[PDB]
Structure formats: structure tokens, C-alpha cells
Amino acid sequence: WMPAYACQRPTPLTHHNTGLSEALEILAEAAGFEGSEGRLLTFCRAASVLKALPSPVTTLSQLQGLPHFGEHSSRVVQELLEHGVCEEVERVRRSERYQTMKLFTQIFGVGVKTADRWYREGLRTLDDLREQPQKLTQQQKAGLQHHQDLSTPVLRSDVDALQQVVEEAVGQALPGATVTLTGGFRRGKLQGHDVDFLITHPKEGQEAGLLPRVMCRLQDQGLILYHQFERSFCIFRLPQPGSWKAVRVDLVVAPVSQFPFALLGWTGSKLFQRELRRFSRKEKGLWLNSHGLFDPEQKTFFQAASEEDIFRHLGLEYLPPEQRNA
DNA sequence: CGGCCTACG
DNA sequence: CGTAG
DNA sequence: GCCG
Ligand SMILES: [Mn+2]
Ligand SMILES: [Mn+2]
Ligand SMILES: [Mn+2]
Ligand code: NA
């Protein structure tokens with residue numbers, strides 16, 4: 001009754017197994033810090049299954065037959081049901097390795113591989129990094145300078161103000177171009193780490209060269225604290241009562257022919273899209289990315305005019321963005 | 001056992 | 001290497 | 001870590 005792929009089931013933003021899913025996601029995150037993408041995926045998938053259930057898991061028997069629940073994930077749930085805590089999870093939580101890798105990878109410009117190298121060098125704190133700026137890229141310097149603001153959640157009220165300033169710049173750069181909110185806010189989140197926008201133009205080809213023109217205009221308005229094509233990963237100045245704060249903003253351009261694929265990809269969730277691409281390739285023999293959907297036997301691309309088209313071409317029931325919170 | 005999403009900057 | 005969902 |  002529970003399909004194996006996250007793109008085969010609705011997953012709402014809020015659900016009935018929050019504590020259980022959180023614990024499994026700690027173990028997933030820890031596996032990622034150790035470079036075990038397979039273990040990360042299984043724990044992420046198990047967590048996602050619980051988010052899709054219609055009511056709370058109260059007894060171990062309710063895990064029977066659920067996909068991605070084997071001995072390990074089942075034992076985590078068992079311990080949480082019986083004692084309210086899982087010793088493995090708590091050991092990860094308090095571990096110096098987990099805490100430091102989490103802190104370092106949160107920095108814009110720092111990935112698992114950099115964080116791990118710094119950890120092995122003995123570094124543990126942000127001030128450790130600041131007192132050695134020669135070891136840092138300009139991207140990492142920006143991420144470290146702005147880390148405090150970037151650690152503060154973006155609110156949906158922030159988002160609407162940002163969208164209007166992006167629209168004004170986009171309108172000067174190319175009249176008729178449009179701006180669509182994507183990412184977690186499109187899935188209904190009330191908060192986020194960043195804001196994602198997708199830009200296109202109704203006349204195919206008119207979007208060529210657009211993003212540099214948009215960025216130059218935002219920079220001239222004094223709004224860009226950091227940036228640097230079709231993707232721009234920025235830090236923006238956002239107004240605040242009597243001051244401002246730094247906010248991560250991603251700007252993406254797509255031709256209108258590819259817009260449904262780009263919208264689908266950039267709306268996420270991350271696990272939803274990995275699962276959708278995995279389903280496409282393994283179950284349907286089609287190759288999906290944010291530009292299109294390729295049939296490698298006919299050597300043809302599927303034209304899509306909507307996200308609904310894409311779900312139909314993959315043989316999946318349509319899920320609105322609010323149900324893609326895998 | 002092999003596989004685990006698939007891009008761009 | 002970083003970034004994205 | 002789990003599916004197939
Ligand atoms: Mn986002
Ligand atoms: Mn983003
Ligand atoms: Mn993301
Ligand atoms: Na990072």
C-alpha cells in the first residue's frame with residue numbers, strides 16, 4: 001500500500017511522524033558527512049515514508065511491509081517508541097565530528113570534502129577559520145562573513161519584497177520576462193534557508209543572455225552583497241526595520257520550452273527530485289533533468305507545456321508542489 | 001551483488 | 001572543488 | 001542501508 005519511490009506518493013509538509021522522521025534524518029545527515037551516499041539515501045527514504053503515512057506509528061508492527069525499513073531503521077524507530085530516545089541518534093548528536101561537520105558544511109562555499117579536510121587539520125570553530133583567511137576562497141569568505149544572517153530563517157514576508165525587486169530588475173533587463181517563486185516556498189514552507197526564483201520569457205530565445213543583464217542591474221541598485229550563465233547563487237541585502245540582513249537568493253533562467261522541467265526541478269524537494277529522476281530512468285527508461293526528458297531509444301526529447309505533462313509522460317499521478325515534500 | 005539524480009559555476 | 005532542488 |  002506504500003510505493004517504493006517518493007514520487008509515487010503524496011508527501012505533505014506537516015505530518016504525523018515528525019519525531020521519528022527527524023531522528024532518521026540525523027542518521028542520514030551523519031552518513032553524508034562520512035561519504036556514504038547509499039546509507040544517506042536509505043535513511044532519507046525511510047524518513048520520507050513516515051512523512052507520507054496517514055497517522056502516527058505507535059507500534060513496531062506498523063513498519064511491516066513498509067519500504068526502506070530494515071533491521072537498522074526499524075531498530076531506531078523501536079527505540080524511540082519504547083524509550084523516547086535512540087542511543088545511536090543521541091551519540092551522533094553530541095559527537096564532535098557531527099557538530100563540526102554540520103557547522104562547517106552550513107557555510108556557503110564549504111562542502112563535505114572541504115569540511116572534512118578542515119576537521120582532519122584540527123579546526124573546530126568559525127573563529128578557527130577566520131584566524132586563517134589565507135585558506136579561504138572568496139566564496140567562503142563571503143559565506144563566513146554573512147554566516148550569522150544566513151543562519152536566520154527567511155520568512156514568507158521577506159520573499160514577496162524580494163520578488164518585487166527582482167521583477168523590477170528583470171523588467172528592465174528584458175520587458176515581458178517573468179519571475180516565478182520556486183524551491184521550498186513554492187511547496188508551502190513558511191520559512192526557508194534561501195529564496196529560489198525561475199526566470200523565463202514567453203518568446204523562445206529572448207531569454208538568451210538575460211542573467212548577466214539582471215545581475216548587473218541588481219548590483220547597480222546596491223542589492224548584491226556577493227555573487228558569481230543560467231544560474232546565479234547570490235547573497236542579497238534585504239531590508240529590515242531600521243537596517244537589513246543578508247539573504248541567499250538563487251536566480252535561474254530557462255527558455256520557455258524548458259520551463260516546466262526547470263520549474264519541476266527547482267521546486268524540489270531534493271529527495272523528491274532524486275527519486276523522480278531515479279524512477280524515470282529505472283522504471284521508464286527515460287532520462288530526466290531540469291532541461292528536459294530524453295528517450296534514449298528514439299533519441300527524442302519530450303515536449304512539455306506543464307508539470308502535469310511531465311507527470312503524465314512518466315505514468316505518475318500528478319502531485320502539486322505542496323505534496324512534493326519528500 | 002550493483003546501484004544509489006543530474007546538472008551548472 | 002563549489003552550488004542547486 | 002536497503003531494494004530488486
Ligand atoms: Mn531553497
Ligand atoms: Mn536555493
Ligand atoms: Mn535544497
Ligand atoms: Na556549504
Side-chain angles (χ1 to χ4, degrees), chain A residues 2-7 24 27-28 30-32 34-49 63 65-70 72-76 88 104-118 136-137 139-143 150 181-187 189 192-198 211-212 215 226-235 248-254 258 261-283 286-294 307 321 324-326:
Chain A
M2 171 74 59
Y5 290 87
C7 56
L24 289 163
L27 299 182
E34 304 313 305
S36 180
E37 194 72 3
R39 292 175 86 252
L40 173 146
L41 275 170
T42 282
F43 285 129
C44 281
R45 289 166 183 163
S48 193
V49 162
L63 299 180
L66 293 183
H68 309 293
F69 277 89
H72 198 148
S73 297
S74 296
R75 192 243 307 145
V76 170
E88 182 184 9
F104 286 171
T105 58
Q106 286 174 351
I107 304 171
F108 180 67
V110 180
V112 168
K113 285 176 179 119
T114 298
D116 174 68
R117 176 169 59 74
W118 288 345
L136 302 176
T137 66
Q139 184 181 44
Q140 291 162 355
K141 291 183 185 163
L150 296 187
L181 177 67
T182 65
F185 288 106
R186 183 169 181 248
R187 303 198 307 277
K189 286 177 69 60
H193 299 120
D194 86 333
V195 188
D196 307 288
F197 296 113
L198 177 62
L211 199 46
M215 294 308 306
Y226 168 91
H227 78 106
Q228 272 167 202
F229 43 105
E230 66 200 47
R231 301 172 186 186
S232 293
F233 316 119
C234 310
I235 304 174
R248 278 274 297 108
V249 180
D250 292 335
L251 304 179
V252 182
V253 173
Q258 301 178 5
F261 300 98
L263 183 61
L264 179 64
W266 283 89
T267 295
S269 71
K270 178 179 175 173
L271 180 64
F272 189 94
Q273 294 302 314
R274 299 172 77 151
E275 292 277 287
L276 185 64
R277 292 170 185 200
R278 189 171 64 98
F279 178 88
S280 182
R281 176 178 291 264
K282 304 298 189 186
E283 305 303 327
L286 305 174
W287 303 346
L288 177 67
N289 64 20
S290 74
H291 306 320
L293 178 62
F294 187 68
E307 295 183 312
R324 304 179 201 161
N325 286 292

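Proteins get letters first, then strands, A, B, ... in listed order; numbering begins at 1 in each.
Per the geometry, CH2 belonging to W266(A) stands 12 Å off P belonging to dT3(C), to the nearest Å. Taking atom CZ of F279(A) as the reference point, atom P of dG4(D) lies 12 Å away to the nearest angstrom. When rounded to the nearest whole Å, the span between OH of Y5(A) and P of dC3(D) equals 12 Å. Rounded to whole Å, the distance from CZ on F69(A) to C1' on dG4(D) is 19 Å. Whole-Å rounding puts the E34(A) CD to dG1(D) P distance at 13 Å. What separates CG of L263(A) from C1' of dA4(C) is a distance of 14 Å, to the nearest Å. Atom CG in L181(A) sits roughly 13 Å away from atom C1' in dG5(C) (whole-Å rounding). Spacing between atom CG of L27(A) and atom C1' of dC2(D) amounts to 14 Å, rounded to whole angstrom units.
Using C1' as the reference atom, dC2(D) and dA7(B) are 26 Å apart when rounded to the nearest Å.
Partners of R277(A) according to the salt bridge (charged side-chain N to carboxylate O under 4.0 Å, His left out) rule, which considers only residues two or more places apart in sequence or in another chain, do not exist here. In terms of the salt bridge (charged side-chain N to carboxylate O under 4.0 Å, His left out) criterion, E283(A) has no residue partners (sequence neighbours excluded). With sequence neighbours left out, the salt bridge (charged side-chain N to carboxylate O under 4.0 Å, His left out) criterion links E307(A) to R186(A), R324(A). Applying the side-chain hydrogen bond (donor to acceptor under 3.5 Å, both in side chains) test to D116(A) and every residue at least two apart in sequence or in another chain returns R97(A), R120(A).
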How would nucleotides 3-9 of chain B be written as a contact map, 5' to 3', with B for base contact, S for sugar-phosphate-only contact and - for no contact, using protein heavy atoms under 4.0 Å? SBBBBSS
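Within 4.0 Å of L251(A), counting heavy atoms only, lies no atom of the nucleic acid at all. Backbone-only engagement by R248(A) is indicated by non-hydrogen atom pairs under 4.0 Å involving sugar-phosphate atoms exclusively. Using a 4.0 Å heavy-atom distance criterion, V252(A) is classed as making no nucleic acid contact.
Distance alone, capped at 3.5 Å, places no donor-acceptor pair between the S36(A) side chain and the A31(A) backbone.
Under the 30°/60° scheme for interplanar angles, the aromatic rings of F104(A) and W118(A) are found to stand perpendicular.
In terms of phosphate contacts, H72(A) brings a side-chain nitrogen or oxygen within less than 4.0 Å of OP1 or OP2 of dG1(D). Side-chain nitrogen and oxygen atoms of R324(A) include none within less than 4.0 Å of the OP1 or OP2 phosphate oxygen of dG5(C).
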Donor-acceptor list for residues 38-49 of chain A side chains, cut-off 3.5 Å, not counting sequence neighbours:
residue, atom, partner, partner atom, Å
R45(A), NE, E275(A), OE2, 2.9

